[PDB]
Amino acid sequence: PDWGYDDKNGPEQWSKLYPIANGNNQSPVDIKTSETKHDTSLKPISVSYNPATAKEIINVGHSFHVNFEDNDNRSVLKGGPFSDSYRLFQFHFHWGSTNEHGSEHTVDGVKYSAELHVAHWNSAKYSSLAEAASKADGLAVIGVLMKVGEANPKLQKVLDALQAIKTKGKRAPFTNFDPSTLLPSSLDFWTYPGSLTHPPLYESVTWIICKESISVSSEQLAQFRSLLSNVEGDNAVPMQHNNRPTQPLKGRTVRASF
């Protein structure tokens, strides 16, 4: 692929093939809490996911994804800034090379060790993910900052699955899993209009960033980093990091629900 996270093909370089990299609505961002606007029009976030929609886990080379069946509204996000319900299609993580960075969003400059993204597409307005992905109101992503500390037992099925998808392109069934079990117990959030955080970088995402972090151990983060970006048979190339730097707000307002 034309892009990665390496020195040559990584975030610093994306704008060459994806000029939107320098756009006005790029993600992730640093959330400065003294510049947020508390907003009473927001509703609470409501997730209702059906574990029967979990489908597959797959190694996509720069990361791994857990995908869900998205042919109907069995698993949905509602509330917050939204009037439409958004259909779950995937979750995945971002991490860094050491515990000291790795999240995509930061809060008052503080970097967390990893970030969970639970991604959804607007099935009220669009008929598929590929249609929704380029639309300003097409995607809703919950970002959960992950703070290195106590092992998180809720990650267990995900981590136990990685041994079946060690190298790029490997897929496996991943069933009977409700990813709302990964969310923090408080769903207070910030929201802002932004983008996908890697190519094609479309400015189609309403971000929902949880105020409360969830934990992850140093050894759990190691399991992410020991996934391999090469295909089976080649020299092992671990996936050490896949977070993008924070981008300029360019005048957007981050709103707080709390």
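Just count from 1 along the sequence shown to find any residue number.
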| item | value |
| --- | --- |
| Mean C-alpha temperature factor, higher of 172 to 180 and 111 to 119 | 172 to 180 |
| Segment of higher mean CA temperature factor, 185 to 193 or 204 to 212 | 185 to 193 |
| Highest-ranked of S226, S63, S41, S217 once sorted by CA temperature factor in the record | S41 |
| Residue of maximum C-alpha B factor among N67, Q26, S34, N59, per deposited coordinates | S34 |
| Chain-wide C-alpha B factor ranking for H101, given as lowest, middle or highest third | middle |
| Third assignment of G143 from its chain's C-alpha B-factors | lowest |
| Where the record places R244 (Cα B-factor, split into thirds across the chain) | lowest |
| Lowest, middle or highest third - CA B-factor, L155 | highest |
| Ranked C-alpha temperature factor of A136 among modelled chain residues, by third | highest |
